[PDB]
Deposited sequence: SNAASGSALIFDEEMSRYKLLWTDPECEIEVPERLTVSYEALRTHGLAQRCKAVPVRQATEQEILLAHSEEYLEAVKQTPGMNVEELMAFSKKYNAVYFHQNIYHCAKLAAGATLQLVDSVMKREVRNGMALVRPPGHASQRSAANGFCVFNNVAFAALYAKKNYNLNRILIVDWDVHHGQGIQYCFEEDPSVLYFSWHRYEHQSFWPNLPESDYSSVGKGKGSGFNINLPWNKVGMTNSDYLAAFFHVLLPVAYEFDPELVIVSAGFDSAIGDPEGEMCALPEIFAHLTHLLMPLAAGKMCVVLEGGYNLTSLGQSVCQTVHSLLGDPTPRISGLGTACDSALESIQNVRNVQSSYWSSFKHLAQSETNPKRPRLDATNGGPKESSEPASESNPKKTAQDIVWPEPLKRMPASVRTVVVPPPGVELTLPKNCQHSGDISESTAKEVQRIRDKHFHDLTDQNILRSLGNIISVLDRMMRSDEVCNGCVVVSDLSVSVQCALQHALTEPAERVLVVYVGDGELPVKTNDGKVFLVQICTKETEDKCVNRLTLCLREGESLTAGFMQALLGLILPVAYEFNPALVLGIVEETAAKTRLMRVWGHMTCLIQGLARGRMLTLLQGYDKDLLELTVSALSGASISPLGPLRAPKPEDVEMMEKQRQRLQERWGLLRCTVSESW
């Protein structure tokens, strides 16, 4: 029942800085916080968040992750002059100290714990902490890489201790490895750590052998540490999404965390002098959105690095936009990950295959400039619902019921007289008026985002929805069909891609459709999730539709439909129209809940049928030449 997003920030954390010459550290500046908060303010995002004050982490809280000797050493730095601060700093790798940095480090850590408490007490759904100094390179007894104390390691240890959590996912999308987090939880199966990072075969900072893909954790932590090293610079949106679809998300949804903490370094964005990657700030809107169906949306985003002030501001805004539920921007030009990334991805999937059900089939044979991001205003009415006539339902506050116009009514009659001569059922005709009215508000107004219409006649309804969308004009339409039979849907001209979930086995011929025949049984949920993350989402993202048309025929859906409806809203700026054939109160409630941006209830835990995995890998083989985002291995060369 939680709502809102926390934003935790205090300008005191900009009141320490580098006091001597050091080209290595001169990029970590106070303005990183100032620019990020002001960017949120400029775009109206800070004003929509719940401002939670910072506090100091206590001594006892710092000792959750750090040694008494290191804390006592850092505690003396407020009393040091500049000569003494420089000599203290030289004891460590890539870090400077300042009279006020100990104070600020305790605020950065306390801010993080405030964020954890706000989310874990259900006072907000999610939130972000904008802090300095960053934390993820901090070690038990050493400052490292601009980090004094390990803010995110605190947050996980604090959440285990005070909320008795058994499963916490940490996602570190900073462009540097967070070695301090890895070390902290190396033997701990209760904390799953994922990091991608510029590595370049160990020649990039921090130059550690243990930052490679072979470090899977130790002891009973084996399999709960996932390193994805980037061995070339210039990684793009496609490389980052390939990493999510084929490594992080399959593991995350199987792990089923009770809390997600993001080590959010935006030095992984285009323009950054440390990362030298090419991902656009818009990608962070999707990295955030793809994780929101985990842990019922309980996500704590904690600022780490990010050194190009421009992409820093833009990427922070894209993240908070998604935390607030604003429509995600369309990502164009996606395709195959590059060969270096595909090598990295296939190596981590292979070493992790001992530990995760999604990868188990692999174990045996049988001046930089870029365009400014567009505005992301939320829709006035997010979701319009059309239940059968005379069905009054209690709707969430951002949902509304359907009122057919005069122009719309004339359109239905023109359509009737041209394509459905022998049709007079005055409520089929009502549904067609409803479909056209909802689509018009979705496509020709920032007024409505998405919608759900309950229908009876599937063929007429589908044909009217699709044909009307194609002349809006919606350049491309993704159709997602749960049911058997043939739809009045042509996939011959490249403007429609059809995903069909059915029960009868079918040979696919064209590469503009994906047909998934999943065995009924206790394994159906895991197979569907496997298909959704590894097949459906890669193709949908590469296809980049302008509208998503969901269709469920009246003829096992309840557990996965909410996750699909949430994740598929990463496409088409969230513009999804769902046609439900027949009235099912629970399915309609679940659909409306997911469409409106409500928290998605967790899946919990049963590994997929090997016959389903074989079916899905045959689909990947059949489709990945056309849709390269499906690839999770390096291609065979002639």
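Residues of the deposited sequence lacking C-alpha coordinates, counted from 1, fall in the stretches 1-2, 369-400, 437, 591-594, 645.
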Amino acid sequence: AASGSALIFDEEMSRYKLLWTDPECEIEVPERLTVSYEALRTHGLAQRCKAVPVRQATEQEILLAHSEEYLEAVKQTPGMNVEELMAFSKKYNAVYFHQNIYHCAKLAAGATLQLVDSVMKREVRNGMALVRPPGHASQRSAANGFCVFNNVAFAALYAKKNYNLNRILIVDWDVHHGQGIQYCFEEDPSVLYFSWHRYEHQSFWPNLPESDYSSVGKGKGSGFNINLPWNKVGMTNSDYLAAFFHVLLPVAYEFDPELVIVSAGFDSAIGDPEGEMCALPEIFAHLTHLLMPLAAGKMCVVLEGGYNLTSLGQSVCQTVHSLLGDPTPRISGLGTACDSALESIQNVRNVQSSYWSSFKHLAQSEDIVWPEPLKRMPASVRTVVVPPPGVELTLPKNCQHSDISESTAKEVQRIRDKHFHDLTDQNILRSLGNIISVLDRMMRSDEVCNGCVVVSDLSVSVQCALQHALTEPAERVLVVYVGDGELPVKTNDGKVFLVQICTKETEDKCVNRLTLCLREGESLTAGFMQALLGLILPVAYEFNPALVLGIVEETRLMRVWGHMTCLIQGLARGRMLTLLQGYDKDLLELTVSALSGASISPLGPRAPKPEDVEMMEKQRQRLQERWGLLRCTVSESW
From here on, numbers count along this sequence of modelled residues.
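Of the two segments examined, 464-472 and 502-510, it is 502-510 that shows the higher average Cα temperature factor in the deposited entry.
Here 301-309 and 445-453 are compared by their mean Cα B-factor, and 445-453 comes out higher.
Across the residues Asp174, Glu522, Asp256, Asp272, the deposited record lists the maximum Cα B factor for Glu522.
You'll see in the entry that, of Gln352, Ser402, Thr336, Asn231, the Cα B factor peaks at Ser402.
Among the modelled residues of its chain, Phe497 has a C-alpha B-factor that falls in the middle third according to the deposited record. Remark: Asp10 belongs to the middle third of its chain, ranked by C-alpha B-factor as recorded. Ranked within its chain, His246 lands in the lowest third, by CA B factor from the PDB record. Split the chain's modelled residues into thirds by C-alpha temperature factor. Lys490 is in the highest one. For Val548, the recorded CA temperature factor ranks within the middle third of the chain's modelled residues.
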